[PDB]
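In: Below is the sequence, then the experimental coordinates.
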Amino acid sequence: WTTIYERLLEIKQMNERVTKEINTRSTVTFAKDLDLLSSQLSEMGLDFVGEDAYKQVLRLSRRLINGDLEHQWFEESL
DNA sequence: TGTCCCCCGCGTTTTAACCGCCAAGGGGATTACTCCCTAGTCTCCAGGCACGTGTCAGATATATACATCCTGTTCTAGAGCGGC
């Protein structure tokens, strides 16, 4: 329990920085023109944009325990 | 018959083998729609089969000729003996 608690503390302490990192993810428009952005997790909804990172990680852990997340995709998302 | 070197029995230390556990994602298995081509005939005709036959390559034949193998004779090297 203390190990899981400290892991989630490590998640939450930098959460206020990563949340504004993905919220202000300034995608360059030139790569938008000829389609080089990584849209692998954007197709099935594993992206973190427009939403708090900790709550999304909580739902991700819930579905990861549920066994319908295709583990390596959750690995790449993290 | 001998030998010696090639293989077996055993001590030690790694080493990957098997089972313990977890996902992954191509992939075997199943179901369904549909579409091509293969089952089944009609007719025929042109390639395939039975018959007939001139013929041209193979076999028989034999003196001739290969052709290699066996054997006899001679050449040369090696060991033994005798003299200086």
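Out: Here it is on my side, so go on. Numbering: from 1, shown residues only, chains lettered A, B, ... in the order given.

In: Does residue A:11 touch residue A:54 like I think?
Out: Yes - counting by Cβ atoms under 8 Å, residue A:54 is a contact partner of residue A:11 at 6.4 Å. Every residue, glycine included, has its C-beta placed from N, CA and C.

In: what residues are up against the residue of chain A at minimum distance from DNA strand B?
Out: Nearest residue of chain A to DNA strand B (Cβ to the nearest atom of the strand) works out as residue A:71 at 3.2 Å. Residues near residue A:71 by Cβ atoms under 8 Å, 6 or more residues apart in numbering: residue A:64.

In: quick one: is the longest helix seen in chain A near DNA strand B?
Out: Secondary structure of chain A per DSSP state H: the longest helix is helix A:53-66. No - judged by Cβ under 7 Å from any atom of the strand, helix A:53-66 and DNA strand B are separated, with a smallest distance of 8.4 Å.

In: Residue A:4 and residue A:34, how far apart?
Out: According to Cβ to Cβ, to the nearest Å, residue A:4 stands 44 Å off from residue A:34.

In: Likewise for residue A:14?
Out: To residue A:34, residue A:14 is 33 Å away according to Cβ to Cβ.
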